[PDB]
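**Student:**
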Amino acid sequence: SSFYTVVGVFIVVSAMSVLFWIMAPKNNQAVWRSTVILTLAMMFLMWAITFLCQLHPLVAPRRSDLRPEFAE
Amino acid sequence: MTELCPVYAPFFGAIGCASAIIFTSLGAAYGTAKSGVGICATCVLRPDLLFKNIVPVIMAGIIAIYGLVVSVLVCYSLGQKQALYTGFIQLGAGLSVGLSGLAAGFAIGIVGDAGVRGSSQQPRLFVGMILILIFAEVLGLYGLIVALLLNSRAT
Amino acid sequence: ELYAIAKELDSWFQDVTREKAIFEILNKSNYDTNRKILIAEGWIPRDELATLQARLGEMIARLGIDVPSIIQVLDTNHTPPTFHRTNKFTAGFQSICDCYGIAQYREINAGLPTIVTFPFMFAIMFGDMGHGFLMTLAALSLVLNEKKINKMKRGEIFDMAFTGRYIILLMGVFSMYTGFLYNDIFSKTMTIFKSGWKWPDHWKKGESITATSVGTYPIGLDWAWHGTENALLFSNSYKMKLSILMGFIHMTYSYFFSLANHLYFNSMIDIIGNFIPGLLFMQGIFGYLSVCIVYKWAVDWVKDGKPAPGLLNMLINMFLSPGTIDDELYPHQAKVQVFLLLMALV
Amino acid sequence: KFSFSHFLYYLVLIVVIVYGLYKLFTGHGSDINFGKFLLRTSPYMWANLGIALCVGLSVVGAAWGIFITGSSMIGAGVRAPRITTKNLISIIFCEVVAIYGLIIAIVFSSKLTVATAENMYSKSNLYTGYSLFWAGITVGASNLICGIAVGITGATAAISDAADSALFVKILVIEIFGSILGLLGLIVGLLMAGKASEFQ
Amino acid sequence: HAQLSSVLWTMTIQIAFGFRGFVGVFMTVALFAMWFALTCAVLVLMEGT
Amino acid sequence: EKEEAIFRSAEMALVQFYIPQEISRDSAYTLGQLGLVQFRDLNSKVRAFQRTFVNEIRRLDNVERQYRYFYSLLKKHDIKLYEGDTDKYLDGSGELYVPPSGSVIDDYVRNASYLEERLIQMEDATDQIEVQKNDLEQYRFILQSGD
Amino acid sequence: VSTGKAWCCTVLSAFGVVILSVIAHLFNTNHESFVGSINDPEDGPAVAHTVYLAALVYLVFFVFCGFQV
Numbered sequence: 002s003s004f005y006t007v008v009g010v011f012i013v014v015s016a017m018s019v020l021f022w023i024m025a026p027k028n029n030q031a032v033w034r035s036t037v038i039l040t041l042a043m044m045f046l047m048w049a050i051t052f053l054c055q056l057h058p059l060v061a062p063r064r065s066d067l068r069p070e071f072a073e
Numbered sequence: 001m002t003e004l005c006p007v008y009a010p011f012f013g014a015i016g017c018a019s020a021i022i023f024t025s026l027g028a029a030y031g032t033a034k035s036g037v038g039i040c041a042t043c044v045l046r047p048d049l050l051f052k053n054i055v056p057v058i059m060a061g062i063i064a065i066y067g068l069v070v071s072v073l074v075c076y077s078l079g080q081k082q083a084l085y086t087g088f089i090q091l092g093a094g095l096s097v098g099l100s101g102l103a104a105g106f107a108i109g110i111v112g113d114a115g116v117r118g119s120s121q122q123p124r125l126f127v128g129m130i131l132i133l134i135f136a137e138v139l140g141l142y143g144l145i146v147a148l149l150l151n152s153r154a155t
Numbered sequence: 298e299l300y301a302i303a304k305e306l307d308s309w310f311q312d313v314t315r316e317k318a319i320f321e322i323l324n325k326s327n328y329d330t331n332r333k334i335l336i337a338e339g340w341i342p343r344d345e346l347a348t349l350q351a352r353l354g355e356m357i358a359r360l361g362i363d364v365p366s367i368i369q370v371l372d373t374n375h376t377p378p379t380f381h382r383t384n385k386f387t388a389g390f391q392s393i394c395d396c397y398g399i400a401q402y403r404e405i406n407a408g409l410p411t412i413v414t415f416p417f418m419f420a421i422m423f424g425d426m427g428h429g430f431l432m433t434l435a436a437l438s439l440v441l442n443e444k445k446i447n448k449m450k451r452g453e454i455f456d457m458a459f460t461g462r463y464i465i466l467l468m469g470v471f472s473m474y475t476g477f478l479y480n481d482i483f484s485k486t487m488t489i490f491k492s493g494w495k496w497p498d499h500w501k502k503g504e505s506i507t508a509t510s511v512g513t514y515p516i517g518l519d520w521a522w523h524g525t526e527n528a529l530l531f532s533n534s535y536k537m538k539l540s541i542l543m544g545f546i547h548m549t550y551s552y553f554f555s556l557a558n559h560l561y562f563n564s565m566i567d568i569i570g571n572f573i574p575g576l577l578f579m580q581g582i583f584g585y586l587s588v589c590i591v592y593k594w595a596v597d598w599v600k601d602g603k604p605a606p607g608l609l610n611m612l613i614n615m616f617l618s619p620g621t622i623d624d625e626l627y628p629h630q631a632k633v634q635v636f637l638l639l640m641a642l643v
Numbered sequence: 014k015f016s017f018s019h020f021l022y023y024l025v026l027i028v029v030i031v032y033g034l035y036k037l038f039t040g041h042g043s044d045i046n047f048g049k050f051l052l053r054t055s056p057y058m059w060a061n062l063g064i065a066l067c068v069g070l071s072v073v074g075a076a077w078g079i080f081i082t083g084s085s086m087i088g089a090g091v092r093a094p095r096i097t098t099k100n101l102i103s104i105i106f107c108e109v110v111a112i113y114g115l116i117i118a119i120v121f122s123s124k125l126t127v128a129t130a131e132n133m134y135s136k137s138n139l140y141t142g143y144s145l146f147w148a149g150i151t152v153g154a155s156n157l158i159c160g161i162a163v164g165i166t167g168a169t170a171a172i173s174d175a176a177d178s179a180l181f182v183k184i185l186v187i188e189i190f191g192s193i194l195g196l197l198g199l200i201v202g203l204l205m206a207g208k209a210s211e212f213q
Numbered sequence: 743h744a745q746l747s748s749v750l751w752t753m754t755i756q757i758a759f760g761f762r763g764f765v766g767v768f769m770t771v772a773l774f775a776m777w778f779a780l781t782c783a784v785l786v787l788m789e790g791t
Numbered sequence: 003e004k005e006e007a008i009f010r011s012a013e014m015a016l017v018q019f020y021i022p023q024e025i026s027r028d029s030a031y032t033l034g035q036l037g038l039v040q041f042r043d044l045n046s047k048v049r050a051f052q053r054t055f056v057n058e059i060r061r062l063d064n065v066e067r068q069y070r071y072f073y074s075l076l077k078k079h080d081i082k083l084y085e086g087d088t089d090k091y092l093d094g095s096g097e098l099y100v101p102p103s104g105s106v107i108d109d110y111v112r113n114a115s116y117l118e119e120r121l122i123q124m125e126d127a128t129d130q131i132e133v134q135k136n137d138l139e140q141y142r143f144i145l146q147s148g149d
Numbered sequence: 005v006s007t008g009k010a011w012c013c014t015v016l017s018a019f020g021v022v023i024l025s026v027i028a029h030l031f032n033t034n035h036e037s038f039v040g041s042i043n044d045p046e047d048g049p050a051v052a053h054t055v056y057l058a059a060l061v062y063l064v065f066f067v068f069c070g071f072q073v
């Protein structure tokens, strides 16, 4: 799972955001197609950052206290 | 002993552990005393504002909580034959958090006194009080952050 | 006598307050004596203009005076008031955003972006599922019982909690999401997916082992980082770069409201003189840093065999010593770096 | 005229003078060997003192300016609570001062590494110890100075804005100058530590 | 927030896991009371604000 | 429909009200309980003490003074106000079709002016007798001392 | 007895039951986050049993205070 899985998730998130922007209820349309779109955007951005920092790490977990029964 | 691990190396670690809690506690004490004088002066007339005016002493307390955190973290990094590197790491963490929380507690005390007084005269000053007071708290927070960064390198 | 007063004094005060307010409004009318008319003026939303016309038509029917009662809407250069029509949901966010200051007439309302951005910055800073769950329960205790705490006296602190109930609800929910990404429920981590890090096959008790990257953790921080003595290094790198990236994104999104305001106010001069050069400066420095962070994550340095650049050192050298790129992040980085420096200067 | 602090100042001055004359006259002037003190002393004391004093003095200056200008603007806010949000840029620029110290502390903590005993007191390790020490002091003290200055200026700005909103604008320029001072301090600290290698 | 939560967990509730018997049960109950009181007070409320 | 005003503030229009002087009070009530008009202060450059309706405010402000004095007296003697929902039921707070108070406001002014003096009189009586009450209580406490 | 104390202890004991139950389960299943360290208790199920007993103590408190709600 290289960088392009982030792009794929971006694609599906963008599809959802455009779809909802089209289908936002008319009663509170601005509130809907602002709050839902911004939640999708920020949730995706934070997830992508969390995934990317782990994608090609420059630091690996390092500890001395791991109990040997968990080596499986 | 060794050149890297002198017998006097744990002195810096122990004194940093002491320094964190001590200076954060004096900062918190100044904040609590000043803001509590403000609260007691204010709430003679308007005791209804007790649970608003209590915020500055609470923030002073969280300063000492940051100091406690750092002191505990550096304390469990101490050892008899610990390196001089980790000794000065612990010293730097304790000194940074202590001095930062001391300054933050002084600022919190003064700002909280002024704020409780004003927000008793002018209720719209509550948000102003608290938003300045958080900006004073964040300085002790920054000192905590530096202490954590340093302590992450202890051994 | 005082008991007789108590049963009706409140209604007397309400009526007298209304009547005094009525005359204080009438003062703001120009009393034309020759025409024997109060020439009043007032701001009303245009969508409510019809309502005003209807209701005055109803009162004149009540009085039967058949007077013109002229609702003469007129053009003016005066700055109109800033009315934001808020539901129970967005009312708290509007109140917190306009406590700083009330928006210019018909400029973009910051409260609508705030609805999401304020709780979610709170969540990024807060970032625990146990504490986010506690906050969500606290908020729901106000939102589910909303009709009971409404029409009820609330004091001040509890009133503040109630008026922010949806603010606190979004804080709790986004904090649960953030703690999921931080992989924090209280102090402890979740182990719901296979870790991307696998420990060595065997080790002696007390041995300083190092994990190996069998993969990448799907969503959230890998639970293999829990309890590791270098957890702080990776967590700090992650959270610091997250702060920089998301702060840049939020600043850019808010700054594009400047472009939208200039477009709405037909102020192309603000677009060309202010928006375009400020955008070029902001991107060419800090958005460069942002795309640079994501690119550095996008490159497998250990597999490429190239030295991982000192990203903050490179940002510093972008200004204090241009051209002498220390570790080449990407080809022609020196030319692009000095071009961005010159563009920001220009 | 007497004060305990000045009494100790003069006492320690006299003691140091007498000790120096004693060492010099007996031919042991080289025993007071501040250079050998710099050589023998652990570089980590210098480095971690640099970081700790950087962030500590940055926070001291930030907090000092913060309570100056915050107390002034809360007092001025009693009649005009509008002053709070308008003059809060003063608190902001005071806090930015401490953020500078935090950034410099991060940069310098990147330099902290376990140097080998065989290479402990080399030219590079001593250089980086002194560099981090004095760069942290430079950034921290400049930040302390700038935070106090910005707090004084923002207090004056809040009070003037309470007097009249038109007087606020040109004092914000003074606050900008105060912030530029701290920014210059930060960049000079970066330049001082720019060529300082890690501990090796 | 992460470090305060971890330190509070270590100081308050994790100590109780080390003792057993009815003294262990009592320590678990009381130390959970302390842990939750400080979590709501210090972490959720004091630091959420 | 009414345009949502959350992305940008609602579009305002300035309305000039040509109100016949005879129906001014009723009209002011109508569009005040309607609740969508923010009035411009056309008389901003006229000193308040010489403004058009200053005396009508002054008499009602005296009435409000008298009512808050009554509230102070009720607190002094520990009586709780009714605070009934009759005003809430009458004032729709979202419905503009409510009739204003008639001549009853003049009755309020007269009643208030009379009743204030009535309360002053009886308060002075009760206060004077209470003063001599306290004085004679102190006298008794002095006399109760055996030695 | 009072409604305020009843609600406070009811809520605290509900969180006690839930959280100590899940902690006891994670100790009983030898979850790494609770047992994987040398510094953790050496025998998962043993401490799981006492955490479960504490969860039952908070269950008693929860049910009792419900009887006074």
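Chains as they are written, first to last, in the UniProt record's numbering: chain A, 2 to 73; chain B, 1 to 155; chain C, 298 to 643; chain D, 14 to 213; chain E, 743 to 791; chain F, 3 to 149; chain G, 5 to 73. For each residue, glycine too, the CB sits at the ideal point set by N, CA and C.
1) Contact criterion: CB-CB distance below 8 Å. Does residue 68 (chain A) meet it with respect to chain G?
2) Kindly say whether residue 22 (chain G), judged by its beta-carbon, lies nearer than 8 Å to any beta-carbon of chain E.
3) Among residues of its own chain, excluding the 5 on either side of residue 39 (chain F), which ones have a beta-carbon nearer than 8 Å to its beta-carbon?
4) Can you grab the Cα-Cα spacing for the pair residue 567 (chain C) / residue 597 (chain C), in whole Å?
5) Run through DSSP, which three-state label would residue 564 (chain C) get?
6) If you reduce the DSSP assignment to three classes, tell me which class residue 329 (chain C) lands in.
7) Cβ-heavy atom distance between residue 365 (chain C) and the ligand FMN below 7 Å?
8) Can you name, in chain order, every residue of its own chain whose Cβ lies under 8 Å from the Cβ of residue 44 (chain G), other than the five neighbours on each side?
9) Does DSSP put residue 309 (chain C) in a helix, in a strand, or in coil?
10) Residue 608 (chain C) CB to nearest chain D CB: under 8 Å?
11) Let me confirm a value: residue 77 (chain D) is counted as buried when at least 16 other C-beta atoms fall within 10 Å, else exposed. Which label applies?
12) Are the C-beta of residue 783 (chain E) and some C-beta of chain G separated by less than 8 Å?
13) Mapping the DSSP letters down to three states, classify residue 15 (chain F) as helix, strand or coil.
14) I think residue 152 (chain D) touches residue 67 (chain D), with their Cβ atoms under 8 Å apart; what is that distance to the nearest whole Å?
15) Can you look up residue 35 (chain B) in the DSSP assignment and give me helix, strand or coil?
16) Taking residue 89 (chain F) as the reference, give the member of F:12, F:35, F:20 with the closest Cα.
17) Considering only residues of the same chain and omitting the five flanking positions on each side of residue 69 (chain D), which have a CB-CB separation below 6 Å?
18) State yes or no: is the beta carbon of residue 530 (chain C) nearer than 8 Å to at least one beta carbon in chain B?
19) With C-beta atoms as the reference, is residue 558 (chain C) less than 8 Å away from residue 338 (chain C)?
20) State the Cα-Cα distance for the pair residue 133 (chain D) and residue 75 (chain B), rounded to the nearest angstrom.
21) Secondary structure at residue 509 (chain C), three-state DSSP: helix, strand or coil?
22) When you compare each of F:22, F:28, F:125 to residue 327 (chain C) by their alpha carbons, which one comes out closest?
23) Any idea if residue 522 (chain C) is buried or exposed, counting beta-carbon neighbours within 10 angstroms, 16 or more meaning buried?
24) Checking the sheet assignment: what are the DSSP bridge partners for residue 336 (chain C)?
25) Kindly list, in the order they appear in chain F, the residues whose Cβ is closer than 8 Å to that of residue 31 (chain A).
26) Given this structure, state the Cα-to-Cα distance separating residue 88 (chain B) from residue 3 (chain B), to the nearest angstrom.
27) Nearest-angstrom Cα distance between residue 147 (chain D) and residue 143 (chain B)?
28) What residue range does the beta strand (DSSP E) around residue 121 (chain B) cover?
29) Would you mind reading off the limits of the beta strand (DSSP E) that contains residue 370 (chain C)?
30) Using a C-beta to C-beta distance shorter than 9 Å, which residues of chain C count as neighbours of residue 50 (chain A)?
**Tutor:** A quick look at the data gives this:
1) yes
2) no
3) 17, 33
4) 43 Å
5) coil
6) strand
7) Absent from the structure shown: the ligand FMN. Ligands present: none.
8) 38
9) helix
10) no
11) buried
12) no
13) strand
14) 5 Å
15) helix
16) F:35
17) none
18) yes
19) no
20) 26 Å
21) strand
22) F:22
23) buried
24) C:327, F:20
25) 6, 8, 9
26) 15 Å
27) 19 Å
28) Where residue 121 (chain B) is concerned, there is no enclosing beta strand (DSSP E), although the alpha helix (DSSP H) it sits in stretches over 84-121.
29) 367-371
30) 478, 535, 538, 539, 542, 543, 590, 591, 594
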